[PDB]
Amino acid sequence: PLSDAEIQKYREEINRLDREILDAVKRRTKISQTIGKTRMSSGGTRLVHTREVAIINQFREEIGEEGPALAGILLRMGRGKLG
Amino acid sequence: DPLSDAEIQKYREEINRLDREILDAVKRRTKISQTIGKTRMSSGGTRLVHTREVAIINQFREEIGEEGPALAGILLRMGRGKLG
Amino acid sequence: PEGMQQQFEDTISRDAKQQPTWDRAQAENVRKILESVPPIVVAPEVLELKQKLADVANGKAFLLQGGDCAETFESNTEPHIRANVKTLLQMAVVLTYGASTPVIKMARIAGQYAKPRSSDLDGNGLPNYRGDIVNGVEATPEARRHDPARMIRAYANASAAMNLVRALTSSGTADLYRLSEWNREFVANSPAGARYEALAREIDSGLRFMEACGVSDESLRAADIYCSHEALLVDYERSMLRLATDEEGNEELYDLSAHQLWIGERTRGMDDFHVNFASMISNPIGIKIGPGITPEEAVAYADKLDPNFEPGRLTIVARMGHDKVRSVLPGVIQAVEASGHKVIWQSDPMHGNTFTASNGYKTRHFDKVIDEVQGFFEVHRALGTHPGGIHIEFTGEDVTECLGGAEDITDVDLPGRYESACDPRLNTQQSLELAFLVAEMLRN
Amino acid sequence: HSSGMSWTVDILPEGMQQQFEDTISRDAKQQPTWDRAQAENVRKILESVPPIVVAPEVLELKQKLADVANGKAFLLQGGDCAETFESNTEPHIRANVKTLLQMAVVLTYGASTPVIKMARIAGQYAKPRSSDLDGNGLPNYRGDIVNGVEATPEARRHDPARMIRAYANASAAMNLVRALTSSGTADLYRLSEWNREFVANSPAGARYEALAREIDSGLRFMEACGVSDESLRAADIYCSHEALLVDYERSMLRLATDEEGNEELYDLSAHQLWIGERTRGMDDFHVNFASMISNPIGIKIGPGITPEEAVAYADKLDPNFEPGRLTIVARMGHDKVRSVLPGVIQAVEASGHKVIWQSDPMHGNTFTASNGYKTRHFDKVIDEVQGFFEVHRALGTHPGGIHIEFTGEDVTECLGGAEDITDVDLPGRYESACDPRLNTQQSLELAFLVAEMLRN
Ligand SMILES: O=C(O)[C@@H]1C[C@]2(C(=O)O)C=C[C@@H](O)[C@@H](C2)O1
Ligand SMILES: O=C(O)[C@@H]1C[C@]2(C(=O)O)C=C[C@@H](O)[C@@H](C2)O1
Ligand SMILES: N[C@@H](Cc1c[nH]c2ccccc12)C(=O)O
Ligand SMILES: N[C@@H](Cc1c[nH]c2ccccc12)C(=O)O
Ligand SMILES: [Mn+2]
Ligand SMILES: [Mn+2]
């Protein structure tokens with residue numbers, strides 16, 4: 008029907024938003040990795056626990072239930088998986 | 007020590023703006039997904055479309071690798087709800 | 029045979045729809061032969077099943093039922109039976125992880141040889157195929173004749189199938205770690221494997237956790253598969269009735285052609301044979317209800333099929349179509365729960381969602397099959413009641429009968445390997461996918 | 007011959033005494049200075065008492081540590097830096113036992129292997145000290161087995177009778193450890209309940225949610241699959257401590273003869289013993305004592321160790337090439353672990369020794385803050401284990417275990433964690449007789465994070 012044509016241009020907009028999320032995740036990942044290299048090249052730790060928790064908790068404050076998982080992904084991409 | 011400190015404070019506020027952007031993108035995505043869901047279900051169609059979900063998940067993995075599916079999963083669960 | 033005899037004469041004195049017209053004296057000779065043969069299952073097994081089904085209805089377990097829409101003698105082979113058995117067990121391990129409860133595993137097998145037809149004859153005066161227990165698939169006058177000797181062939185085939193099912197499940201086919209390796213090579217090979225990766229990884233970590241905790245158990249090497257089929261054909265079903273005497277001394281009447289029997293949607297008249305036969309026997313019973321059911325009609329079935337208020341005794345099988353399950357089921361559930369019966373609520377997301385495609389083939393869209401089970405779970409979550417199980421038609425072979433799934437089967441693909449002698453079945457891939465999605469539904 | 011010969015037959029050991037005289041005559045760092053007569057007499061008493069562990073337990077541990085060493089299990093060791101007699105109480109021992117059992121559940125899920133559970137307990141009463149004194153020429157506290165905490169001449173006298181106090185406290189502690197672990201404290205489901213509360217109440221709860229849920233589904237899956245909780249209602253906790261005090265460890269030497277007839281010498285003050293950083297001179301008492309006892313052995317190696325030295329210890333302490341006999345405990349600092357360890361691991365692996373590689377991220381990361389309290393930052397403690405793991409993944413070797421100082425008390429001793437402890441928090445509840453321990457929350461947080469390292 009007419010409602011199928013609308014769905015196609017709503018999906019078209021999701022796609023553009025998916026490109027944006029994905030472009031920004033990449034960029035974010037580059038920057039987190041650099042902070043890592045800059046703290047580590049001067050005898051610092053790979054991970055900073057309070058900074059990690061803060062972002063995770065603020066993501067939950069912002070989107071709810073999935074916040075921690077969303078933040079966990081960005082944290083894993085940016086400082087690597089632990090171990 | 008003080009020079010590596012100051013720079014990390016700038017990089018962090020720069021991470022924050024990228025997070026604001028990702029968060030704000032996710033929120034509008036999720037409106038649109040829900041809206042698609044209501045439209046399809048109000049006209050006697052299914053809550054979920056599998057082929058469509060599978061393709062996004064597969065796009066996400068092709069673009070960022072390892073974490074691709076988990077990110078797409080978060081967005082799908084935000085869009086159309088947890089299953090069950 | 030004193031209280032029972034009154035009730036048996038009443039049952040057999042009633043109309044039964046969907047029967048074959050064959051020489052009755054022949055049918056009666058065939059029944060006398062089958063009344064002496066070893067049963068397909070023994071009564072202690074059925075008693076064990078009923079304890080397990082009580083656990084399902086009380087919200088401590090999940091029923092997984094499925095297999096061929098229609099078994100054929102042609103297809104009753106080691107490879108085909110192993111294939112379905114493997115798939116059922118693989119599904120069950122994923123569903124067990126999602127449910128956090130045991131899964132009772134119930135195969136449509138060893139007797140699903142009869143099918144209901146709308147018209148007895150076709151427009152050119154040829155009798156329709158009613159199943160391999162009545163006549164042949166071959167569309168000729170001779171092959172379509174209703175042959176009561178096929179009851180013996182069905183019994184011989186069912187014996188062999190059930191013998192094999194028992195052999196496979198006691199000799200390593202039901203080993204938990206072997207099943208999980210097959211799931212792992214499903215995920216690694218699916219075009220939608222990335223949809224299931226995380227959940228599969230979680231299960232494996234769970235498996236390896238048991239091993240690390242020092243759980244050495246024969247529990248994990250084997251599993252029980254119960255057989256079921258639609259109790260349709262009067263003569264075969266009554267010839268498999270047997271009296272079994274209990275541990276404490278009670279005589280019960282069982283139909284021992286299967287552990288579980290159900291009543292189809294087209295044979296559930298309150299005044300008719302099938303419902304009254306089901307009331308008589310002490311096997312656990314299922315009943316298919318469609319979109320036209322009323323909450324009152326559902327409560328009348330519960331009173332009659334579960335007269336002693338035995339949790340798990342009755343399974344109500346909702347086959348309503350995805351588009352109606354959210355409207356029709358809630359009221360049915362509330363009425364039956366309020367009437368004090370604790371039934372198993374099961375979804376049959378197959379028979380309410382069939383249609384004929386542009387090319388002529390009957391098919392089902394994976395998304396509509398999923399949406400019905402999804403909806404069924406939504407209704408249960410709202411009401412605070414227990415989703416008891418699912419009933420799905422599938423095969424462990426690479427068929428092209430249902431549309432959708434990870435492989436995106438379309439109309440054009442259907443003629444490739446369409447093999448079912450009746451309804452469209454989920455292929456291996458679709459079945460394994462459905463198990464994962466239903467596991468998420470169970471997880472919420 | 008065989009049937010004739012069978013009826014005819016029917017009708028201080030010598031090698032050990034060599035090695036034992038060699039060992040006793042070696043120099044011994046970090047000893048007290050007390051009357052030799054009194055000392056001997058106390059050893060005479062302690063030579064006759066029931067041991068703290070029996071030899072077959074030690075043989076069982078050796079089999080488990082061999083699994084660890086071969087990549088099939090993980091070693092969790094930890095507890096108080098220094099036990100004291102005043103604190104050797106039911107509630108405190110219970111507090112630590114639980115914490116360690118709780119950590120072990122999470123680590124087992126993360127390793128996908130068994131975790132061997134070794135408490136610093138039932139004998140950790142001696143400590144090394146830089147000088148014999150130094151405040152005002154008054155003797156330094158060397159632990160409750162040598163002298164008292166109180167800052168007075170009478171309390172600080174080195175007292176040999178404190179070796180009997182220590183044995184008695186050790187005995188009591190092991191008795192309780194055994195009792196708790198067999199009567200419900202080590203029930204897997206009770207412990208998971210305690211982990212579930214930790215997550216629910218942590219200000220960093222969302223950091224652990226998803227692993228905690230996943231573990232939970234793991235547990236519920238076992239029960240769904242029909243697993244009887246026979247294996248799951250109890251567990252073995254092993255004791256360990258630093259073999260430090262000469263007079264005490266020799267007085268607990270016991271001869272043990274096994275089932276195949278073979279005679280061995282055990283120090284039965286503990287299942288496992290280790291040699292400290294400050295006492296590991298290759299010609300000195302401690303290394304040579306550990307070389308002549310059949311107990312599994314640990315050795316602390318700091319950031320000055322070379323690979324050449326690593327190998328030679330391995331040859332001295334594991335001379336019969338027994339997997340898990342010897343555990344190499346790296347305590348290098350978070351900033352040194354990635355530089356030093358690789359070379360150590362490569363030479364040792366190449367020499368055919370199969371040791372347990374263990375991370376002690378506490379003793380290389382200790383510092384003194386503005387207010388004068390010794391402390392350790394959580395992030396630096398975590399980073400040393402994290403780097404230890406990184407090295408192992410690069411070399412393809414097995415990250416064997418961790419050795420951490422913790423308590424089951426809500427102390428304020430180490431900085432960081434979710435509770436965000438800072439300089440100003442430390443004098444709230446600072447209770448350690450010696451080094452800054454992880455508290456209950458920090459200990460559980462660390463188990464979740466080391467669980468993620470294991471899963472990688
Ligand atoms: O110090 C930091 O800020 C960076 C960035 C990081 C992130 O990815 O957001 C946040 C915390 C740290 O563990 C890592 C990862 O270093
Ligand atoms: O049909 C759709 O396009 C929408 C959007 C959606 C998403 O969130 O991306 C993608 C697929 C569907 O299952 C749901 C969720 O409806
Ligand atoms: N006894 C098993 C399982 C177990 C019981 N209690 C435990 C406490 C922690 C870890 C595991 C356990 C083991 O130690 O492996
Ligand atoms: N017998 C156990 C475990 C098990 C073995 N094989 C299985 C196959 C599927 C599900 C579970 C199992 C059970 O039924 O729970
Ligand atoms: Mn069918
Ligand atoms: Mn210490």
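Top to bottom, those sequences are chains F, E, B and C.
The first sequence lines up with residues 8 to 90 when you count with the entry's author numbering.
The second sequence lines up with residues 7 to 90 when you count with the entry's author numbering.
The third sequence lines up with residues 29 to 472 when you count with the entry's author numbering.
The fourth sequence lines up with residues 7 to 17, 28 to 472 when you count with the entry's author numbering.
Here a beta-carbon is modelled for each residue, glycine too, at the ideal position from N, C-alpha and C.
Buried or exposed by the 16-neighbour rule on C-beta atoms within 10 Å, applied to residue i
i: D376/B; result: buried
i: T322/B; result: exposed
i: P29/C; result: exposed
i: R354/C; result: buried
i: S244/B; result: exposed
i: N472/B; result: exposed
i: residue 25/C; result: Here chain C is numbered 17 followed immediately by 28, so the structure offers no position for residue 25/C.
i: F383/B; result: exposed
i: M378/C; result: buried
i: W13/C; result: exposed
i: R172/B; result: buried
i: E56/C; result: exposed
i: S41/C; result: exposed
i: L149/B; result: exposed
i: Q79/C; result: exposed
i: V440/C; result: exposed
i: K33/F; result: exposed
Bridge partners - residue i, DSSP secondary structure assignment
i: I21/E; result: For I21/E, which the question treats as bridged, DSSP gives no partner whatsoever.
i: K316/B; result: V345/B
i: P155/B; result: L149/B
i: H56/E; result: Bridge partners of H56/E: none, in fact.
i: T391/B; result: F383/B
Assumed close pair residue i, residue j - CB separation to whole angstroms, cut-off 8 Å
i: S218/C; j: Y224/C; result: 7 Å
i: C255/B; j: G416/B; result: So it is not a contact: roughly 19 Å between Cβ atoms.
i: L75/C; j: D274/C; result: 7 Å
i: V69/C; j: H287/C; result: 5 Å
i: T36/E; j: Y17/F; result: Not a contact, Cβ separation roughly 12 Å.
i: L207/C; j: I109/C; result: The Cβ separation is near 16 Å, so there is no contact.
i: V371/B; j: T343/B; result: 6 Å
i: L82/F; j: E59/F; result: 6 Å
i: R409/C; j: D426/C; result: About 35 Å separates the two Cβ atoms, so there is no contact after all.
i: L454/C; j: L462/C; result: 6 Å
>> Runs of 4 residues minimum, wholly inside the region 179–224 of chain C: which ones carry the alpha helix (DSSP H) assignment?
In response: 204–217
> Can at least three beta-carbon pairs, one atom from the region 124–131 of chain B and one from the region 208–219 of chain B, be found at a separation below 8 Å?
Replying inline: no
> Any contact of the region 95–112 of chain B with the region 449–460 of chain B, i.e. 3+ C-beta pairs under 8 Å?
Replying inline: yes
> When the Cβ atoms of the region 405–423 of chain B are set against those of the region 82–94 of chain B, are three or more pairs found closer than 8 Å?
Replying inline: yes
> Which full runs of the alpha helix (DSSP H) of 4+ residues lie inside the region 242–297 of chain B, going along the chain?
Replying inline: 262–267
> Taking the runs of the beta strand (DSSP E) that are 3 residues or longer, which of them lie wholly in the region 89–152 of chain B?
Replying inline: 90–95 and 131–136
> What runs of the alpha helix (DSSP H), each 4 residues or longer, lie entirely inside the region 346–389 of chain C?
Replying inline: 353–366
> For the region 29–100 of chain B, which segments carrying the beta strand (DSSP E) assignment without a break, of at least 3 residues, lie completely within its bounds, in sequence order?
Replying inline: 90–95
>> Counting beta carbon pairs with one atom in the region 298–317 of chain B and one in the region 98–118 of chain B, are three or more of them shorter than 8 Å?
In response: no
>> To test your reading of the DSSP string, which unbroken beta strand (DSSP E) runs of 3 or more residues are found completely within the region 402–463 of chain B?
In response: 417–421
>> Any contact between the region 266–273 of chain B and the region 152–172 of chain B? By contact I mean 3 or more CB pairs, one from each, below 8 Å.
In response: no
>> Would the region 247–262 of chain B count as touching the region 251–267 of chain C if we require 3 or more Cβ pairs under 8 Å?
In response: no
>> Assess contact between the region 314–328 of chain B and the region 348–367 of chain B, defined as three or more Cβ pairs (one per stretch) separated by less than 8 Å. Is contact present?
In response: yes
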